[PDB]
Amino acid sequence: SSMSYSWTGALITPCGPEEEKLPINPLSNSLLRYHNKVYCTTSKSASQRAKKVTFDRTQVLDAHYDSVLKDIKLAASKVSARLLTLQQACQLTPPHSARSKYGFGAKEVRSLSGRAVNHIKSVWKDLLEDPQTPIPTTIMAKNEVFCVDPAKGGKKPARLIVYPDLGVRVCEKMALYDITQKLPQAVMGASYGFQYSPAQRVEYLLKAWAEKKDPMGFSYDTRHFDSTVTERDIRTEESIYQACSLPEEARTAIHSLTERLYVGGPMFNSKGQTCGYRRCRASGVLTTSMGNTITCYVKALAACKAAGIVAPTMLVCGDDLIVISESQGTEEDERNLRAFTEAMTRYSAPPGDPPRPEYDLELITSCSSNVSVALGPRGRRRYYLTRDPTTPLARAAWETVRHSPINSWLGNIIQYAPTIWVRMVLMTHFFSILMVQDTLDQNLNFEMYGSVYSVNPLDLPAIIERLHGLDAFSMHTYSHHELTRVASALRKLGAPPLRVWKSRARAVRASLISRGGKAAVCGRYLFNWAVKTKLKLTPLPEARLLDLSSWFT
């Protein structure tokens, strides 16, 4: 049937300058040495990406799908959702959002300037009146940082981002923001992934694992998911939205947004030229996460049913999927997973790597992360979330005139505090840098799901206790997989090995202790792993007085 894209041959041009690394990286050249391996994806590679995502979709649904969609619509119908005022929507626009072509930006939008509010009213009127004219979008290459991998062909090409003008983005929120806050949870319940912190993700996967008489687990990811999403998938997303009770004005805007924007349209580069035409998901519109997550849930749950997965418990995050089910023996389990993949492929959600049954929770990876296990202060097993540190290490070394990597360090320290690589490497480096800068008590921003939170380094111990438990400060005897992977990643980026970080950590610890105050608590709590005379660590008062629930919505 449909191509995902067509192209005019016009290039995908840059936003402005694409930052160069420098001959000296003063914040990160004591963390690792192989700076050559660390690179940013640029618009030069946008052509290579285009080729790899332009292809013809043919989708074939069936009774399992139909049955699943039916049940999801019913679940949707228990949701009521409101329009947002034009003003509420303006004020959910992030502070640095790309400016409009009509001479105003996000500052004006957030402060409700008259010009801006005016334009947005006209845009909304035109949405309510015209349910048809395709709405033009800009296409840009995303800039992300990775570590070169020769096993996977050198350097990844940039992914493509497609979005409408700022004025339309605000209208999207008016129509659909309230739904994005409610529909996912209503349709998927406990399966909805973005509701959990690391420790909760872990606790959920463990409960799920323990409930089975004889468990089996697998993970799934769709190759180039946005480009596999069909016009029909998108219209089916509308039906799911429409199954909620909504003021009629929302219904009309939602429908018009679907037909003029979501199902497809023309794409312009940043130089203004016509670039191509799209008949798949624009990753850039408001409904990108909600849609990806819901359409993935629909297909996946259908696939489980097509393939005989018994007693599936799921966890879904965009196109990333884990299912833990009752094993039917390894012979049947392997056949079933092939059926699953076959069904998903029919549903136009083909895999990057074919999935595989597993029978040990450590070997299942999803959202680039996995559960692992260590021993706690009293010798009991302690389960926690970790990941390959390669990319976090690479981003820890992205330093330019306009980008400091310190926020990156902080974000990882908080998400992955119980990991051996955060504790020994990133924490040691982070504290060492800030002490020498004398900026320990200065606040930093922590980025997560589009939100930023001001955090003070001297509060890490409390935040960590709240978020991960007091055991995060006392875990030992990490697993073989985990020690192997960390050693290997440090070697690959030319970073000192763990032994050395242990020395550096003893020094950082002592400096912190000698400053007394909150700094000394950082020294005792965060670096107790680093000394022979291991102190007794007690619950922190400041911790009890703390609410971090919004951090992981």
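The numbering used is simple: start at 1 and walk along the sequence shown.
Student: Going by the mean C-alpha B-factor recorded in the entry, which is higher: 145-153 or 168-176?
Tutor: Taking the mean B-factor of the alpha carbons in each, 145-153 is higher.
Student: Could you settle it for me: does 446-454 or 219-227 have the higher average Cα B factor in the PDB entry?
Tutor: If you average the C-alpha B-factors of 446-454 and of 219-227, the larger mean comes out for 446-454.
Student: Please pick out which of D388, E326, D333, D471 has the largest Cα B-factor as recorded in the entry.
Tutor: The listed residue with the largest C-alpha B-factor is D471.
Student: Using only the C-alpha B-factors in the record, can you name which of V298, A396, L206, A81 has the highest?
Tutor: Most elevated C-alpha B-factor of the set, per the entry: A81.
Student: Check where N528 lands among this chain's C-alpha B-factors and tell me if it's the lowest, middle or highest third.
Tutor: Its C-alpha B-factor, which the entry lists for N528, ranks in the highest third among residues of this chain.
Student: Should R49 be placed in the lowest, middle or highest third of its chain by the C-alpha B factor in the entry?
Tutor: Middle third - that is where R49 ends up once the chain's C-alpha B-factors are sorted.
Student: Just say lowest, middle or highest third for the CA B-factor of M290 relative to the other modelled residues in its chain.
Tutor: Middle third of the chain for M290's C-alpha B-factor.
Student: Looking at the entry's B-factor column for C-alpha atoms only, identify whether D130 ranks in the lowest, middle or highest third of its chain.
Tutor: Highest third, going by the recorded CA B-factors of the chain.
Student: In terms of the chain's CA B-factor thirds, is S67 lowest, middle or highest?
Tutor: For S67, whose C-alpha B-factor we compare with every modelled residue in the chain, the answer is the middle third.
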